[PDB]
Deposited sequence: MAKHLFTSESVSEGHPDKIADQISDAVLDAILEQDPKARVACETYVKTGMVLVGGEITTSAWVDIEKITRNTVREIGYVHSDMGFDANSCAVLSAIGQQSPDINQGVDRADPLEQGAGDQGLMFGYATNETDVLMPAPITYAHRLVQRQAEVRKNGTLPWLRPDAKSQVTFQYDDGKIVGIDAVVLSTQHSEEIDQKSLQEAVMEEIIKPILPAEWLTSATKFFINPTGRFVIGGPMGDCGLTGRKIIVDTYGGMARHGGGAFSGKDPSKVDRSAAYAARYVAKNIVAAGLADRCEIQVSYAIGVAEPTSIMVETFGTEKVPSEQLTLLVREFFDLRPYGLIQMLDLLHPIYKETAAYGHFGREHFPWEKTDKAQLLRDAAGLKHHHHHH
């Protein structure tokens, strides 16, 4: 019997604004130069975006237009909301100053995770936290609730009973909105259009507490309310705290940065082990030394749910997966402008991303000797 909690934030949360600008700049560069080196760090606050860092590329991009386009899409288009794509400041401080045996670009450690408690092999709490804010954005943009504004957060507390979901104990939904909607109207609409359509009714009972805009009015937000920086939502981006984290941010980094590529690979590995039926849950840790191709370490954790000995799993992983930094890029077909889409609503659990394919599961299952004997 334990209570576990995860959160997510909408595309209009200031940290998420920064992540999406960083990745919109990455995508624009990769469209022209797939092998670009990009380390693009964004900082947003009242009236301004600062886009900085380092790029090595043949590409020619307009950082200001990409930034303004990104903010406009998120929905900040007027001073009444606290922030305007068309009239904010955009400052740029980007410095433009056998292949599988290439060393890691940096040291570090990265984790990946999978669990069969959902069909996408993700933890339920982060899954439903993301779906809530993704729903908030959908009913804002489609005109179902046209008074919604871009900045929102969600938080879901699940109840477990020896590792089985019993229900949802608590739900937090805080949304920005225009001045005209009153709080009772806002709470009813958020319950009917956002919460009830996303959370399974089975998990919602008399024991469920709902905190909808628990401080009431939330008119001013996005960067006016809170400074936002790239890489400040790394637990929202991953597994909502259910799994460990190595500390590296994803957004604004090209696929040569093992902080992103090896975390994607570790998800792919974990997900294929669980899809194979070789465990019910699996956490992978990998680590690198700058200038060294072979990871300094690989760890496979199955929390006692493995269907074959743990040492045999570690072997299967070395056998089927090339975790050298350029083996990663090959393994996942990463040199394409696919990253802006990851930079809100989570890097995992959306099954069109290359690191969410379970195209190794039968291979691992066969290689492990799992198959039924008769008679």
>> Missing CA coverage against the deposited sequence, listed in sequence order.
In response: 1 to 2, 100 to 110, 389 to 390
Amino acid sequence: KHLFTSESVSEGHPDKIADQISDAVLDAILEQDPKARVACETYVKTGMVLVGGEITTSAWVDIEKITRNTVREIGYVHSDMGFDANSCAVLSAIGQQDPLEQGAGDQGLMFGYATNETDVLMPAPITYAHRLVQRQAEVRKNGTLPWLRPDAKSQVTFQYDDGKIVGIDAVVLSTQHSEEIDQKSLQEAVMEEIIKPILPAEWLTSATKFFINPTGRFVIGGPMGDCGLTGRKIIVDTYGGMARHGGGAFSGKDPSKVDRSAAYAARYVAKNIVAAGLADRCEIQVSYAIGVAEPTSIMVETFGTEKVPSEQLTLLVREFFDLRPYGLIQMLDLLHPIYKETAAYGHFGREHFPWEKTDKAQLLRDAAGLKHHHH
From here on, numbers count along this sequence of modelled residues.
>> Mean Cα B factor from the PDB record: higher for 8 to 16, or higher for 353 to 361?
In response: 353 to 361
>> Averaging CA B factors per stretch from the PDB record, which one is higher: 283 to 291 or 200 to 208?
In response: 200 to 208
>> Checking the record values for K257, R72, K233, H78, which has the greatest CA B factor?
In response: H78
> Which one of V274, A129, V219, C227 shows the top CA temperature factor in the record?
Replying inline: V219
> Lowest, middle or highest third: where is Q134 by C-alpha B factor in its chain?
Replying inline: middle
> Considering only modelled residues of the same chain, in which third does the CA B-factor of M48 rank: lowest, middle or highest?
Replying inline: lowest
> Would the CA B-factor of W147 place it in the lowest, middle or highest third of its chain?
Replying inline: highest
> In terms of the CA temperature factor given in the entry, to which third of its chain does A270 belong: lowest, middle or highest?
Replying inline: lowest
>> What third of the chain does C88 rank in for C-alpha temperature factor, lowest, middle or highest?
In response: lowest
